[PDB]
Structure formats: C-alpha cells, structure tokens
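[1] structure for the following, please:
(2 chains, ligands or ions: 1)
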Amino acid sequence: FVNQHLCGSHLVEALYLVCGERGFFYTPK
Amino acid sequence: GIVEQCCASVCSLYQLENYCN
Ligand SMILES: [Cu+2]
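    Numbering: from 1, shown residues only, chains lettered A, B, ... in the order given. There you are, the coordinates:
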C-alpha cells in the first residue's frame, strides 16, 4: 500500500474501506 | 491525531486500522 492524503469525507471513505463490518470511530479534534 | 495527520500530512491505511472497532 501507499501513503494517503485524506481530508474531510475522503478520510471517512478510507476508514469505511479499511474497517468494513468491523465498524470504526471517527474522532476529530 | 489521525484526522489531523491524514489531512495536514499523510497517513497509511495501516495507521487507519487503529480506528477500527
Ligand atoms: Cu474531495
């Protein structure tokens, strides 16, 4: 895999892809 | 944190796995 530049909704897309049915927490500042 | 890191800098998909349930 390669490094990612991910802002806004694009980060939550990547989280969804990586975590799938496991689910995930989106926790900004 | 990572929301910041991925956007201001870069992050890997492996770093993202840390946020899975
Ligand atoms: Cu966009």
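
[2] are stretch A:9-23 and chain B in contact anywhere?
    Yes. With C-beta under 8 Å from any C-beta of the partner chain as the measure, stretch A:9-23 is seen reaching chain B through A:11, A:14, A:15, A:17, A:18, A:19, A:22, A:23. No exception for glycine: its C-beta is placed from N, CA and C like everyone else's.

[3] what sits against residue 1?
    No chain was given, so I picked chain A. By C-beta atoms under 8 Å, 6 or more residues apart in numbering or on different chains, the contact set of residue A:1 is B:12, B:13, B:14.

[4] that answer is for a different chain, and I need it for chain B
    When contacts are counted by C-beta under 8 Å, 6+ apart, residue B:1 is found next to A:27, A:28, A:29.

[5] list, out of those, those positioned next to chain B.
    Of the residues in those, proximity to chain B by C-beta under 8 Å from any C-beta holds for A:27, A:28, A:29.

[6] let me know the closest of the residues you listed to chain B.
    Distance to chain B, by C-beta to the nearest C-beta, is smallest for residue A:28 among the ones next to chain B among the contacts of residue B:1, at 4.0 Å.

[7] so that closest one sits right up against residue B:5, yeah?
    No. At 11.1 Å, residue A:28 does not count as touching residue B:5 under the criterion of C-beta atoms under 8 Å.

[8] higher neighbour count, the two?
    More crowded of residue A:28 and residue B:5, by other C-beta atoms under 10 Å in any protein chain shown: residue B:5, with 13 against 9.

[9] quick check: that one vs residue A:3, distance?
    From residue B:5 across to residue A:3, the span is 11 Å (C-beta to C-beta, to the nearest Å).

[10] intersection of neighbour lists for those two?
    Shared contacts of residue B:5 and residue A:3 (C-beta under 8 Å, 6+ apart): residue B:11.

[11] could you pull out the helices for chain A?
    Per DSSP state H, chain A carries helices over the ranges A:9-19.

[12] nope, chain B is what I meant
    Taking DSSP H, the helices of chain B run over residues B:2-8, B:13-17.

[13] which residue comes closest to residue A:15 once chain neighbours are left out?
    residue A:24 (4.7 Å; C-beta to C-beta, 6 or more residues apart in numbering or on different chains).
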